[PDB]
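Let me begin by presenting the structure, written as structure tokens, before commenting on it.
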Amino acid sequence: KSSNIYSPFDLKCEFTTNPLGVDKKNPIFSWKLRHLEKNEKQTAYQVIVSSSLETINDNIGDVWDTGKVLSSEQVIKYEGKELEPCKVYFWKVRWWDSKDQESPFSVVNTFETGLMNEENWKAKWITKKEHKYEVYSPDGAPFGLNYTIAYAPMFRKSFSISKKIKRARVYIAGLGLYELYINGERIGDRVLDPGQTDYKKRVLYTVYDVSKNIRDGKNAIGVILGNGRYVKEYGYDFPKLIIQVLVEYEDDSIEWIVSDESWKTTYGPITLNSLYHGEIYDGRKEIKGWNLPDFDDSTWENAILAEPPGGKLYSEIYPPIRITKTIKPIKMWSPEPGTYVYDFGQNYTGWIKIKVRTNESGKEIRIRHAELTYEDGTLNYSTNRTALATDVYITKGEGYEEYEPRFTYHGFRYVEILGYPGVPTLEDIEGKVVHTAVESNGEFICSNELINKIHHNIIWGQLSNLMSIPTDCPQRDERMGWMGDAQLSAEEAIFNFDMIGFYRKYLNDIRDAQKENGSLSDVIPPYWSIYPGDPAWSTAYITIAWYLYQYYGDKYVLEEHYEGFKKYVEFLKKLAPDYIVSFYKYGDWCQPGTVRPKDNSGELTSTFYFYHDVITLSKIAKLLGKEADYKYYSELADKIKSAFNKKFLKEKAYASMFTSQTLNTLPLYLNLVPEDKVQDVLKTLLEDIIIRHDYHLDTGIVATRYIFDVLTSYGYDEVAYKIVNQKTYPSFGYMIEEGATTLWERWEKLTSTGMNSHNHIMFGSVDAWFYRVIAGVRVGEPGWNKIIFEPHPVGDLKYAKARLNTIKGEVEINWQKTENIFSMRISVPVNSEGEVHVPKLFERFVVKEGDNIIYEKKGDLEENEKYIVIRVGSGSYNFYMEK
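For the sequence shown, the positions run 25 to 680, 717 to 943 when the authors' numbering is used.
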């Protein structure tokens with residue numbers, strides 16, 4: 025009817041295409057837009073939700089009909105009829121462009137509700153009664169802990185089907201890990217399910233579609249339990265199981281099979297299983313045919329009732345852990361007879377798959393994993409520390425067998441195999457990359473190859489540390505959800521991967537661990553109880569939440585956790601009666617040549633985050649309309665600045717020779733420096749960088765996240781580029797020159813036990829600088845409502861590009877620098893505006909919008925003596941600054 029010929033596309037419920045198991049009573053709906061014309065923006069939308077396909081195809085609001093909603097937002101909270109469990113809903117949406125031209129309806133999408141807030145689960149928790157375990161107590165555990173490793177119980181139940189099915193659903197929560205089978209076939213496309221949470225406060229169950237798996241006559245289901253994080257050392261019990269199998273027939277009748285004492289159970293091939301120490305698979309004790317209809321279900325002991333884990337059973341929509349890739353080894357050698365070592369060329373996470381040909385039964389094959397190597401060619405397991413990280417497979421002798429671990433994962437680059445039946449090849453080993461299967465959100469490429477290698481190392485390091493929770497390292501006896509490392513690298517992960525579903529689940533984990541006084545643990549989930557938290561660590565609650573609103577435009581996650589923000593800031597106010605939080609544990613963690621900060625900056629870093637937490641909370645309060653809370657925090661923020669400067673500002677620099721880089725970038729980032737002192741404080745920072753350190757970082761994980769932006773904001777991007785381009789200690793290039801395929805925990809090359817891990821993510825915040833400064837695409841208004849295209853062609857850079865897939869669509873920036881022409885090509889999606897910042901690198905120039913000249917003299921466009929400002933709408937544009 026109109027010129028608005030394109031309906032909304034990529035419709036997401038809970039930020040997922042057609043989600044299965046929506047437990048949120050008010051889920052989040054989103055969509056992207058596309059128009060034929062430029063400078064287009066949504067002015068109105070209307071979403072219809074119905075209860076049937078025939079019903080939705082009549083443009084009627086069976087359970088929701090917003091009507092023409094006059095709003096430019098494309099991320100909405102559900103406000104329709106109260107949703108009901110196990111029901112499938114349908115929804116389309118229309119949008120009105122900038123000229124009120126109505127668009128056709130979108131393609132009918134679908135979201136299915138799960139059990140919906142424990143709506144009479146009927147099924148009960150089942151377990152074995154014997155439960156054989158082993159108590160491993162190695163010398164040197166982190167806090168002196170022990171490891172109680174139980175076995176792997178299997179659970180079987182048979183049911184019969186006669187009338188033909190319409191649909192089938194399965195709602196399982198196997199603690200701590202599980203694998204589901206129906207009539208012999210594996211069900212899930214995920215591994216290491218469910219996600220790690222505080223099982224005493226919440227247990228995330230998974231729902232599967234097992235319709236085309238039901239068969240006719242006799243049926244069988246199979247569940248094998250792994251330990252994972254549900255272990256006695258963290259305050260949990262032995263593995264338990266709950267599961268209910270909804271089955272719907274074509275006659276609109278329902279029956280289902282629940283977990284009870286009628287279930288049989290036994291021990292199978294898997295003995296001990298642990299995330300830190302690996303898994304043992306004895307093929308001789310493998311019950312052949314255990315999960316198929318016609319099977320002697322007797323001779324097994326019956327399951328018993330379990331004490332529930334205590335947590336509410338919820339179903340969050342977030343990316344699960346999957347086998348994301350299969351890599352093949354590149355090199356193999358033998359440092360000792362019978363020992364064969366593989367090199368994958370990259371430090372990654374997961375496990376391996378081995379192919380064996382033995383015919384003889386009972387032969388043991390031991391698979392060890394490590395991050396580093398020794399000069400003699402043997403593996404260095406030092407970075408793994410007390411984590412055994414070895415898998416053992418005992419062959420059956422069937423001429424050809426394959427094995428992959430199912431209840432563990434390791435972080436490694438090399439693999440040692442002892443006991444192989446002969447000489448193995450590069451085909452008999454298959455590496456499985458295992459982590460949270462996040463989608464790719466952005467690309468980045470540079471003219472500098474060292475920067476590309478650093479960017480390549482951070483991408484693998486971040487994915488290596490995404491196991492349903494943001495971890496610090498993935499290789500040793502830790503892998504905890506440290507709040508500080510997750511906060512400093514949150515901006516990088518958002519730029520590289522789709523993280524809104526991941527962070528929404530993690531933000532709940534922080535909410536589930538917040539104490540009554542507002543305290544937070546340094547690791548979340550609090551398997552290790554560290555209360556209270558460091559301010560530089562506990563800031564991850566408000567920071568990650570603010571990131572979700574800044575880069576996705578999700579103001580609802582700000583209201584959902586607002587009371588938690590007010591409670592934590594209240595706790596920080598308790599530690600700061602006179603405004604200087606003297607309490608700190610880590611501070612600027614791991615400065616060059618140290619673990620604890622050498623500049624005694626912990627109290628400055630702590631007060632830095634006290635002002636940070638109060639300022640952004642007052643910014644959130646003003647957004648939600650809380651004028652009283654806004655003014656209050658705004659006033660309190662002023663108290664801090666003034667108290668921060670009274671205690672730390674010393675004539676020409678900050679202190680407590718006598719001033720470090722960390723001591724100066726932090727007040728310059730949040731702009732706590734008085735205007736009469738910024739030029740002198742900034743100079744102390746530059747002289748410490750250029751003169752005292754010769755363009756080298758002297759900062760830990762906290763200040764490294766801010767130092768590059770501080771120099772860029774004050775017109776010193778050349779100094780920041782010279783820091784990045786360093787190949788000597790201490791720098792990111794020094795890691796690459798020493799053979800790092802990921803990022804190190806420490807600047808120094810350390811290959812022994814102790815904090816020497818080679819796959820950390822806390823220092824990965826520099827990848828955000830590559831996108832926002834080197835490439836030059838940053839958020840101007842939340843949700844990418846305004847985009848700032850400000851490239852920084854520094855050093856000997858010739859080209860750079862960042863292409864992002866945001867919540868509004870595709871965002872792209874490209875620039876080329878020659879002696880005469882500076883090219884620039886940007887792309888702005890519909891319902892967004894662009895603000896180009898063409899840098900004036902020439903005394904006289906032209907500036908051409910394609911073939912159209914748009915700047916002959918001063919005054920043709922906006923400028924600020926450093927840039928040329930161009931404001932555009934949606935579409936692709938090419939700008940040419942010549943001469």
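Note that beta-carbon positions come from the ideal geometry of N, C-alpha and C, so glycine has one too.
Around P109, the same chain offers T137, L139, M140, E143 as residues with beta carbons nearer than 6 angstroms, after the five sequence neighbours per side are excluded. Residue pairing from DSSP places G455 in a beta bridge opposite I351, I376. Linking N845 to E893 through their CA atoms gives a straight-line distance of about 6 angstroms.
Nearest C-alpha to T722 among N624, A517, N28: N624. When DSSP states are grouped into helix, strand and coil, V605 belongs to the coil group.
Excluding its 5 nearest sequence neighbours in each direction, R253 has C-beta neighbours in its own chain below 6 angstroms: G200, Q220, listed in chain order.
Distance between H818 and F431, taken at the CA atoms: about 23 angstroms. Rounded to the nearest whole angstrom, the C-alpha separation of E209 and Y635 is 55 angstroms. Residue pairing from DSSP places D306 in a beta bridge opposite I418.
The secondary-structure analysis by DSSP pairs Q125 with nothing; it has no beta-bridge partner.
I278 and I196 have their C-alpha atoms roughly 18 angstroms apart. In this structure the stretch 269-283 touches the stretch 177-197; the number of beta carbon pairs closer than 8 angstroms is three or more. Under the three-state reduction of DSSP output, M178 falls in the strand class. When the five nearest sequence neighbours on each side are left out, the beta carbons in the same chain lying within less than 6 angstroms of the beta carbon of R885 are those of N874, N938, in order along the chain. In the structure shown, the three-state DSSP call for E136 is strand. Distances from the alpha-carbon of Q876 to those of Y927, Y940, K312 put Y940 closest. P842 and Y573 do touch by the CB rule: their CB atoms are close to 5 angstroms apart, below 8 angstroms. Contact between the stretch 580-598 and the stretch 612-626 is absent, with fewer than three C-beta pairs closer than 8 angstroms. Taking the C-beta atoms as reference points, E395 is found no nearer than 8 angstroms to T414. Apart from the 5 residues on each side of it in sequence, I72 sits with its Cβ closer than 6 angstroms to the Cβ of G85, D89, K116 in its chain, given in chain order. When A174, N315, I173 are compared, the shortest CA-CA separation from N237 is found for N315. Taking the CA atoms as reference points, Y223 sits about 18 angstroms from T495. In the three-state DSSP reduction, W570 falls in the helix class (H, G or I). Using a C-beta cut-off of 8 angstroms, the stretch 769-788 makes no contact with the stretch 439-456, since fewer than three inter-stretch Cβ pairs fall below that distance. Rounded to the nearest whole angstrom, the C-alpha separation of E808 and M815 is 11 angstroms. Considering only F849, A862, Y859, the residue with the shortest C-alpha distance to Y927 is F849.
Contact between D653 and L596 fails: their C-beta atoms lie close to 15 angstroms from each other, not under 8 angstroms. The three-state secondary structure of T230, taken from DSSP, is strand. Three or more Cβ pairs closer than 8 angstroms define a contact, and the stretch 355-374 meets that threshold against the stretch 437-445. Put simply, the stretch 253-263 does not touch the stretch 307-327. Fewer than three CB pairs are less than 8 angstroms apart. Between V269 and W280 a beta carbon distance of about 5 angstroms is seen, short of the 8 angstroms cut, so the two are scored as contacting.
Out of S182, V271, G292, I664, the CA that lies nearest to the CA of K156 is found in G292. For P494, the three-state secondary structure derived from DSSP is strand. The Cβ-Cβ distance between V227 and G577 does not fall below 8 angstroms.
By a beta-carbon distance limit of 8 angstroms, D217 contacts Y202. Their separation comes to about 6 angstroms.
For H818, no alpha helix (DSSP H) segment is defined, and its DSSP state is neither H nor E.
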